[PDB]
Amino acid sequence: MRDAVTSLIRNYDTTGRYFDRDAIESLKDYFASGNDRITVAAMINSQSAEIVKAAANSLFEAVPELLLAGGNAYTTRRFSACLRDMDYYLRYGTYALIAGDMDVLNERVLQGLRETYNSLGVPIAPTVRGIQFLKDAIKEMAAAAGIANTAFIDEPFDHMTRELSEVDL
Amino acid sequence: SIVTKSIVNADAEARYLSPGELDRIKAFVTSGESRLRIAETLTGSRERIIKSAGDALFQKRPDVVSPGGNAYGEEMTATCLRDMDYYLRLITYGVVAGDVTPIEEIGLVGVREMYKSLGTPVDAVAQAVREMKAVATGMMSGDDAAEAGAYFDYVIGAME
Amino acid sequence: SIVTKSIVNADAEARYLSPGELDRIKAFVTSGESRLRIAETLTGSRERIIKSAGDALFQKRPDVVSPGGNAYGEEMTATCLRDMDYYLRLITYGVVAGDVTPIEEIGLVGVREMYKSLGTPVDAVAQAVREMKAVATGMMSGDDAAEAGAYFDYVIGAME
Amino acid sequence: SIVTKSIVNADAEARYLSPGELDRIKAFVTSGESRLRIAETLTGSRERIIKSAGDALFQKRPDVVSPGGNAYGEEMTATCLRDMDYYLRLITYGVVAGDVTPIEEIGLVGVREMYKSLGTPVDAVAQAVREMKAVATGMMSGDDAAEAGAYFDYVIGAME
Amino acid sequence: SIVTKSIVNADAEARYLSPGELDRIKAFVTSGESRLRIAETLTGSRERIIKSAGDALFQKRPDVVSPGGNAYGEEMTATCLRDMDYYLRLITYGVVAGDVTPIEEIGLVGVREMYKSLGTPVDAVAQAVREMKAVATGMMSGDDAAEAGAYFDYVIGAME
Amino acid sequence: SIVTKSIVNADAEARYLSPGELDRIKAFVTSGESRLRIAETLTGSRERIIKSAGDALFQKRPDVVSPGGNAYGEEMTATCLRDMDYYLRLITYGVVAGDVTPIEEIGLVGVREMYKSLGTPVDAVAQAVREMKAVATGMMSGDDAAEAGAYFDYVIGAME
Amino acid sequence: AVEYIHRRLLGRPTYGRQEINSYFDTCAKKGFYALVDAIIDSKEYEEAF
Amino acid sequence: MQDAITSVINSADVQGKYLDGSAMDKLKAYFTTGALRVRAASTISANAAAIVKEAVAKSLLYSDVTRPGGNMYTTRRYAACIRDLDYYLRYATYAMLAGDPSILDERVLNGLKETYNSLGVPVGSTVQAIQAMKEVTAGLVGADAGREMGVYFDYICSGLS
Amino acid sequence: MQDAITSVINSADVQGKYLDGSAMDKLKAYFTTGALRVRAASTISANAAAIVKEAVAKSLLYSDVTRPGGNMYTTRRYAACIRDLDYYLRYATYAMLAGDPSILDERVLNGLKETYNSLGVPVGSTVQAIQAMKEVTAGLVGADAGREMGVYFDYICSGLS
Amino acid sequence: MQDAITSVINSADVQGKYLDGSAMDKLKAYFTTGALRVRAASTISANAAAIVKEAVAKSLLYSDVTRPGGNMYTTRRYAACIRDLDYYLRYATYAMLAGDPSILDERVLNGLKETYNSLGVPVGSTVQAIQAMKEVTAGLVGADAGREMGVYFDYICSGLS
Amino acid sequence: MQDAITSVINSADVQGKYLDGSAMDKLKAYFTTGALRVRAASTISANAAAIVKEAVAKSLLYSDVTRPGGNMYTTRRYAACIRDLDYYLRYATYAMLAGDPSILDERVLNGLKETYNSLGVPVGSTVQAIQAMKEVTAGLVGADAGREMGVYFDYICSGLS
Ligand SMILES: *[C@H](C)[C@H]1/C(=C/c2[nH]c(/C=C3N=C(/C=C4\NC(=O)C(CC)=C4C)C(C)=C\3CCC(=O)O)c(CCC(=O)O)c2C)NC(=O)[C@@H]1C
Ligand SMILES: CCC1=C(C)/C(=C/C2=NC(=C\c3[nH]c(/C=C4\NC(=O)[C@H](C)[C@H]4CC)c(C)c3CCC(=O)O)/C(CCC(=O)O)=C2C)NC1=O
Ligand SMILES: CCC1=C(C)/C(=C/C2=NC(=C\c3[nH]c(/C=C4\NC(=O)[C@H](C)[C@H]4CC)c(C)c3CCC(=O)O)/C(CCC(=O)O)=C2C)NC1=O
Ligand SMILES: CCC1=C(C)/C(=C/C2=NC(=C\c3[nH]c(/C=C4\NC(=O)[C@H](C)[C@H]4CC)c(C)c3CCC(=O)O)/C(CCC(=O)O)=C2C)NC1=O
Ligand SMILES: CCC1=C(C)/C(=C/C2=NC(=C\c3[nH]c(/C=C4\NC(=O)[C@H](C)[C@H]4CC)c(C)c3CCC(=O)O)/C(CCC(=O)O)=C2C)NC1=O
Ligand SMILES: CCC1=C(C)/C(=C/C2=NC(=C\c3[nH]c(/C=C4\NC(=O)[C@H](C)[C@H]4CC)c(C)c3CCC(=O)O)/C(CCC(=O)O)=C2C)NC1=O
Ligand SMILES: CCC1=C(C)/C(=C/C2=NC(=C\c3[nH]c(/C=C4\NC(=O)[C@H](C)[C@H]4CC)c(C)c3CCC(=O)O)/C(CCC(=O)O)=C2C)NC1=O
Ligand SMILES: CCC1=C(C)/C(=C/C2=NC(=C\c3[nH]c(/C=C4\NC(=O)[C@H](C)[C@H]4CC)c(C)c3CCC(=O)O)/C(CCC(=O)O)=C2C)NC1=O
């Protein structure tokens, strides 16, 4: 896995150069916003099982077929599998919120997710809309808790739904 | 780094980050300023560190520069100082990252196999990092010398 | 968009962007504010556009809602208004992007094959976009109506 | 006919006609009386077939005879029955030819393009030839109905 | 076969099987019983066909069995009768399949290159198949002799 | 000749003649007397060469003179010797040309097709030109025999 | 078959997906004869040969 | 690419034997079923677009795959899906006429799994679409012609899965 | 490219009428000729090489053409001559099968005249060879089909001259 | 191939949602940086050959790779090296204008590693050449335009390594 | 996995024939060369690490691949490179002892190209490393033992390329 620091370290290592002015400025930029990420992560660790359920109910209010007959969140086995999947998305979104880099999401979530979902019949679309219902919930909850900047909260879910995304453009 | 190690250690355990690990990440996040100061101290004076450490090494272990040793000749001594420069760069990376996974994960895993394939005595390389540690901790304040000497200590420990 | 088209057209030619293409991108960058205003005008009043355009379409072409036509019944008329909503959304995308490559690259390439496989008259769909254009250019100022009617014009032209 | 198609096949393969397709031409030669009887019965009752098939088509799909539809009015319905006359005429030509190629040359190349120009729904024409097929095979004996229904089936397959 | 040829010829044209090709396959399907009877006639009396045809060939073309020819000696004459047996077997395959694509696709493509590399006169092989055709069409009824002589005719035609 | 071939080579490559092939034409010009001597000796003893080579061919391959073979009878054997006369004539033309191209233009393009028509075994003709080669190189001096045997070798190579 | 016929008649492999979605669409609605006709039509054939 | 006749001839030729009674019986079975194969092929050639659009109307319409995010979303993807289903029906008709599925694994099932896995095409949804196409054409041509169509439709679904 | 059937359909199509009884009369005339047309076509296809070799052995062999000084001297020109004769016989067989000489005017006699003037091919020797081939195929396949081949060979000669 | 605008639209479309405030803020960020992107693209289009030749003069000249045995030895290899560096600078300019590196891994970094590994091209030396090109163009266009050029130069070096 | 003896036996068994004189001559050739194979295998087992480190000192050292950015850069990559070269020398010794390269394409060259292409390993640089290993061991064991080592080294380089 990579955080932002090991990203800069691997970036400078492949050319064999030391840190310049700009590398120290980007490391200061990660270390200055570190406390903000950590109180956001602790506030998510407060209400994880609540946020996952609320994002799930907002997703099922969005796409109503999945609770109904032909949908994929049909039975309670499928309902519990979908809510555990949303718990996975919030967990690795917290991990990428603390790390500040998208390599944990790429190595442990997004690599080969589409294969499993296309095979099992799990749809990819309401998965993404549920991921960003989680993102919107986290964003307004942490903007309510005195935190000025929300770009780092914006980062990992936007990456996760740029990757599961179907490129049609 | 610290964040990578905490994330992976919570990741195998199928749990979130425990609050103790979270204040560990928080304390590392606060101490990053002193880490960057130690990194600028190590980066800006690399010429004198490599020069004085090579001088004290070849004073201490003269057989590797004598005919018959590995670092005998102009280009071989230049490659020897280049290897010392590599290890000082990895020391700076480990100082910034707050953990030795840059140093170990770049330049310490197959170091015995590589230096055995080159024909190099690894104890003399440990003496080179020892002289680098002496010059570097002679260059800083007390707690800064202790925090840099932790990573220098890890490199000499991972040699032997 | 404009930037994609300029980059690709310089990209095949193995050259950089010519300065005329660069002031084209600059003029599009300056006109983006008016493009976003037209997009908010089209986005905020989508209910009345879709409703009035469906009303004028079924007034104009009553056979597709008569028994025997495609959009006969409750759910079929709902799907018809949904297809009109899709095309108004693509109109908004083409208004923002400054070019018709969103509209063409999403909902105009195999439109003939799709609507032939569904059993749909494509001229009645062109009349639907015509009524959408009438309601939309009845909703704006002059130059705004011309700039939106360019993309509405492209959709009706790409139908037939 | 079958002879022109066998000749262009032996020409593109640059060889003489195989005894298999010589036997095919000979069997076609002997079955000339049966196909003459089929085309005779079809040329006999063309008006009754067209009237029953047109009323069955208008009963099935009323969108074409509705206001705003294609075949609205006396002359438009008469031209619709004229197009059904042309298609039954080509059906008789292909029935007496033993091949579908005169139907292809005269009335199957650009029917989608020209009906895209006139505004005629092509699936409605496929339904019209479906009703003509059902009525003509209702008139014939079952083996001859199978033969004529092969060519009718080919026409509705090339339609939709 | 016939079905392979019809499927491929409709397959390149991106269309289904035309109804004329379908009654071609149907007529071949009905004539398969007479094809199997001709095949049993050719299969059961292969000894007398090969023996009498070799006798009439060496009577007709004695130089290939004279010293200096290809089929001179015991094993060479045995290989000559074996090649005639191969061609009678391919004749039986082409009789069953209803087309010459077994015969051509097995034993007629590089027949000139093979028999030129062996040093064989190909006209004498054409005379061998001619005598095989004489003995075989002397063995059957009229239409059966014509249908088998079509494939024998194709083999002698593909020789020269 | 060599000059026409160098000219068509410089034409297809769209340049003037290189000094290498100018030196080739000059060396060909100086070696004209040797090739005149070779063609002189061949035009001298053509009957003896043809008689010994034809009897050697008939002794080697008796299939052509056997009953049922190609060259059976007085006129057929005389035409066989006439074809050997044509080939020795083209050998002399190519010997005096310095190139194999008049042999190619006059007697090497369609010899397989025309001998496929007449029924002549082409490998027997290759044996005939082999015997003509052996006899003519037996007559010549060894260096000139090598030159004439190059063209004879080319003819039997283009035969088989 | 699209790829090998393209390598035979144009002398190069295909570049991407559009190029293959466009030639196999000509193979779709019209067939192999129009595939050869569309490869021989192309501006790269005209400019190259 | 070989029908029942060419496969029987290939077996008897790889044996090197003449056509014995079992081969004669196999060819008699094919020559009895061939007229039914011809009539079913004509009936399927009649209603290609209707069978395809009824298969989409049964399975793929109004589900998530035609919604945003689905692989059948755009008009390009819809046209390519109709194109793929027309291919499956056309080659199932060819394999029905030949009486041998060699054309299916020669010319459909050759690189189809790797193509669909590289594009991101759902294989289960297209298997359900082919199954609905099979159900519609078996309702069209009857019981036994529908069965001899469904054996090659099941061959395509098995090679795709 | 038109048959007797396609020419009948074409003539009834230019004036614009349907099929009349006289068209059916021409069609039944074509069929009752067409059965023996098939058998004669199989006989000509069986023996084409012997027919061409007897044609050249009858007329062209011991003349100045197959000798030096003629246009049939070299093996290149001899192979081209045999190929020209094979093509005349094959297209005459196609015209015999179709019952219409439109193929001979369409594919054979299109530009054959001017290339025969430009290459210096003798028209008279070719016409003699075609007529020799005509009575060779007449003695082979029979009398009525001999007349059938006769008018199409004569069509080729009239387009040539 | 997508800029910042098309990627924002693609995210909002794969969601199926309308453009909310975060997308509006991202597009406002791009519409503020676009004029600086335009001016840096003009300044880079001014000095293509100068930036390339200064990158070779910094890194690759007078080293072993221009000596015999090096992969930049011959004039063909030198011309191909200048061509490759011009490609890297041109596509870095394109990715700077789009504000998204999708064109780089679509059209540069696609088969570049396997091509360079098959040819024998040193990847470290060309990474150092791209780094010197980045250093020269960041000296050319300033601090922040040099940084937004260097992010795509680092993208090319990371995908190459 | 088969030596010269097992391949000769497999050929005679797939024939179904007994061991004729050509098989006896092949086995006599192997039984004459076997002592030289044994002594060369002992001499190569003596100096495994020396041959490997001399191959790296000839080809891969002081080039770009041991510099930053190269695929042989880190200590992990250096150790894996020494491991890969030890594998090539060990399996070339095995194929020299067997007298048949079946073990090489069974157990080295099976998925090696796809592994190296997935990892980003340069194939030309490792082919040059195997060639230098061949040159060093042919200097070690002599002319003819070096040749019968180099035939399997060339087999590994040909299957890798
Ligand atoms: C829920 C909102 C959506 C949904 C979910 C759904 N998923 C499954 C089954 C599985 N999901 C996964 C997913 C992951 N595994 C991982 O390792 C990661 C990264 C951490 C993810 C995201 C896996 C592996 C399975 C298979 C079951 C298993 O874990 O062994 C189902 C069950 C499908 C079924 O019918 O069996 C469901 C319902 N479905 C929806 O409709 C929502 C959009
Ligand atoms: C086949 C057996 C089976 C059942 C029954 C089942 C039920 C089921 N009931 C649900 C919710 C619910 N069910 C109810 C109501 C009720 N629930 C009851 O059993 C009472 C009859 C009734 C109250 C009197 C309500 C109000 C919700 C919404 C809960 C929420 O907001 O999360 C949900 C969550 C998804 C949804 O909103 O529908 C499931 C999966 N799953 C199964 O596999
Ligand atoms: C960042 C992690 C890392 C390390 C450590 C590293 C070492 C490394 N050291 C090398 C050589 C060397 N390194 C030394 C160094 C020494 N010999 C002595 O006697 C002294 C004790 C000691 C240094 C103080 C010498 C002499 C050589 C040359 C060996 C030879 O030429 O055979 C080489 C081969 C040539 C080259 O490409 O540089 C590598 C790859 N590479 C790496 O990527
Ligand atoms: C964004 C680009 C895009 C378009 C255009 C699109 C169209 C689309 N239109 C459909 C149906 C339809 N669309 C119409 C629309 C019309 N019929 C009429 O008579 C009117 C003229 C016209 C609308 C005003 C109707 C009636 C259907 C239902 C067809 C059926 O049920 O057979 C369906 C199948 C059901 C579904 O999944 O929605 C698609 C995919 N999908 C897309 O992704
Ligand atoms: C099924 C298609 C097929 C054919 C035709 C075929 C022919 C074939 N004929 C051969 C030999 C031969 N075939 C002949 C036949 C003839 N020579 C004459 O003079 C007669 C005119 C004529 C037969 C009536 C002779 C003499 C040989 C031996 C050639 C030699 O020994 O050099 C051989 C080489 C030895 C062998 O393996 O049998 C092959 C492969 N193989 C095939 O798979
Ligand atoms: C200069 C290029 C050239 C060639 C090659 C050529 C060949 C040629 N060979 C002929 C005949 C012939 N050629 C042969 C020759 C042979 N058959 C055998 O038995 C022998 C093995 C072989 C002799 C090597 C025979 C037997 C005939 C007469 C064929 C017949 O009358 O059926 C004839 C027919 C008579 C004539 O018009 O002179 C020509 C034109 N003419 C040319 O102008
Ligand atoms: C003749 C043998 C053969 C087949 C079958 C074949 C399929 C094939 N289907 C494709 C795409 C496709 N196939 C589908 C089909 C589907 N996706 C869905 O969601 C549905 C479940 C399913 C339809 C029932 C779609 C939507 C695409 C377009 C993918 C895209 O544009 O991103 C592509 C990508 C390139 C292109 O569209 O033109 C190929 C090569 N190619 C062949 O040569
Ligand atoms: C399908 C209709 C069709 C025909 C008929 C046709 C004929 C045709 N005959 C040709 C030559 C020829 N045709 C002959 C003909 C003859 N030998 C004689 O002297 C006799 C008068 C006659 C033998 C019966 C000769 C000698 C040449 C070659 C003359 C030369 O170019 O050297 C050529 C020039 C290319 C070639 O060398 O073959 C064409 C195109 N092309 C066609 O597409």
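So, here is what we can say about the structure in this document.

Reading the values: rules and limits
Residues numbered from 1 in each chain as written, not as in the entry; some residues may be left out. Chains lettered and ligands numbered in written order. Part of a larger assembly, values for the part shown. Heavy atoms only, no water. Helix = DSSP H or I, 4+ residues; strand = E, 2+ residues; numbered from the N terminus. Buried < 20%, exposed > 50% of the residue type's maximum accessible area, 1.4 Å probe, protein only. Contact = heavy atoms within 4.5 Å. Areas by Shrake-Rupley, 256 points an atom, 1.4 Å probe, with all protein chains shown as cover. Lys, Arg positive; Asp, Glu negative; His and termini not counted. Charge placed at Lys NZ, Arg CZ, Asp CG, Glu CD. Buried area = accessible area lost by both parts, 1.4 Å probe. Salt bridge = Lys/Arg side-chain N within 4 Å of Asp/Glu carboxyl O. Polar contact = N/O pair within 3.5 Å; in protein donor to acceptor, adjacent residues only side chain to side chain. Nonpolar A, V, L, I, M, F, W, Y, C, P; charged D, E, K, R; others polar. Near = heavy atom within 4 Å. Patch = residues over 30% accessible without salt bridge, like charges linked within 9 Å, V, L, I, M, F, W, Y side chains within 5 Å.

## Some remarks on the overall build of chain B
- For chain B, the count of helices and strands is eight helices and zero strands.
- For chain B, the succession of helices and strands along the chain, N to C, is α-α-α-α-α-α-α-α.
- A principal-axis box enclosing the C-alpha atoms of chain B has dimensions of 60 × 35 × 20 Å.
- Buried positions account for 51% of the 160 residues belonging to chain B.
- Counting contacts in chain B only where the partners sit at least 6 residues apart, residues at least 24 apart contribute 68% of the total.
- Element-wise, carbon and sulfur atoms account for 53% of the exposed surface of chain B, whose accessible area totals about 7,100 Å².
- Of note, chain B has its 17 positive side-chain charges centred 1 Å away from the centre of its 24 negative side-chain charges.

## Remarks on the interface of chain I and chain D
- Each partner contributes to the interface: chain I provides 31 residues, whereas chain D provides 25 residues.
- Of the roughly 2,700 Å² buried between chain I and chain D on both sides combined, carbon and sulfur atoms contribute 70%.
- Taken together, chain I and chain D are joined by two salt bridges.
- For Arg39(I), the salt bridge identified is with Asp23(D), shortest N-O distance 3.2 Å.
- Applying the counting rule to chain I against chain D returns six residue pairs in polar contact.
- Of all the elements in the fold, those that place two or more residues in the side of chain I that touches chain D are helix 1 (4-15), helix 2 (21-46), helix 4 (75-98) and helix 5 (102-108) of chain I.
- The dominant element in the side of chain I that touches chain D, judged by the number of residues it contributes, is helix 2 of chain I, at 12 residues.
- Looking at side-chain class alone, the side of chain I that touches chain D contains 18 nonpolar, five polar and eight charged residues.

## Description of the site of ligand 7
- Around ligand 7 sit 25 residues in total, of which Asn71(H), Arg76(H), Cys81(H), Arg83(H) and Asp84(H) are the nearest.
- In the environment of ligand 7, a nitrogen atom lies 2.5 Å from a nitrogen or oxygen atom belonging to the side chain of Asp84(H).
- For the shell around ligand 7, the elements supplying multiple residues, two or more each, are helix 2 (18-29) of chain G together with helix 4 (75-98), helix 6 (112-119) and helix 7 (123-141) of chain H.
- The dominant element in the shell around ligand 7, judged by the number of residues it contributes, is helix 4 of chain H, at nine residues.
- Each residue belonging to the shell around ligand 7 can be placed in one class, and the counts come to 14 nonpolar, five polar and six charged.

## What to know about unusual backbone geometry
Residues and elements named next belong to chain J.
- Unusually for a residue other than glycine, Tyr 62 sits at a positive phi of about 65°.
- Inspection of the secondary structure assignment puts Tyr 62 in the loop between helix 3 (48-60) and helix 4 (75-98).
- According to the relative accessible area criterion, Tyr 62 is exposed, its value standing at 78%.

## A closer look at a negative patch on the surface
- On the surface, a cluster of negative charge is contributed by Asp20(A), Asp22(A), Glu25(A), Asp29(A) and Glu135(J).
- Among the elements that take part in the negative patch, helix 2 (residues 21-32) of chain A stands out by supplying three residues, more than any other.
- Tracing the sequence through the fold places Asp22(A) in helix 2.

## What about the interface of chain B and chain A?
- Taken together, the contact between chain B and chain A spans 31 residues of the former and 32 residues of the latter.
- Carbon and sulfur atoms make up 67% of the area that chain B and chain A hide from each other, which totals about 3,000 Å².
- On inspection of chain B and its partner chain A, the count reaches three salt bridges.
- A salt bridge links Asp13(A) to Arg89(B); the shortest N-O distance between them is 3.5 Å.
- Our count for the contact surface shared by chain B and chain A stands at nine residue pairs in polar contact.
- Listing elements by their share of the side of chain B that touches chain A, those giving two or more residues are helix 1 (2-12), helix 2 (19-44), helix 4 (74-97) and helix 5 (101-107) of chain B.
- When residues of the side of chain B that touches chain A are assigned to their parent elements, the largest contribution, 10 residues, is made by helix 2 of chain B.
- Classifying every residue of the side of chain B that touches chain A gives 18 nonpolar, six polar and seven charged.

## Looking at the side chain of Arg35(E)
- Mapped onto the elements, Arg35(E) comes out in helix 2 (residues 19-44).
- As a buried residue without a salt bridge, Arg35(E) has its nearest oppositely charged side chain in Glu147(E), at a separation of 4.6 Å.
- Those residues in contact with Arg35(E) that sit more than four places away from it in its chain are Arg24(D), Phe28(E), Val95(E), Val96(E), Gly98(E) and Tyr151(E).

## With respect to the pattern of salt bridges
- Inspection of the entire model under this criterion finds 86 salt bridges over all chains.
- Put simply, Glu47(F) and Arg46(F) hold a salt bridge, and the shortest N to O gap is 3.2 Å.
- Of the residues examined, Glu47(F) reaches a relative accessible area of 46% and is grouped as partly exposed.
- Across the pair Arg12(G) and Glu44(G) runs a salt bridge whose closest N-O atoms are separated by 2.4 Å. Taken together, the residues span a long stretch of sequence, with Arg12(G) in the loop between helix 1 (2-9) and helix 2 and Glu44(G) in helix 4 (residues 43-48) at a distance of 32 residues.
- Residue classification places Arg12(G) among the buried positions, given a relative accessible area of 12%.

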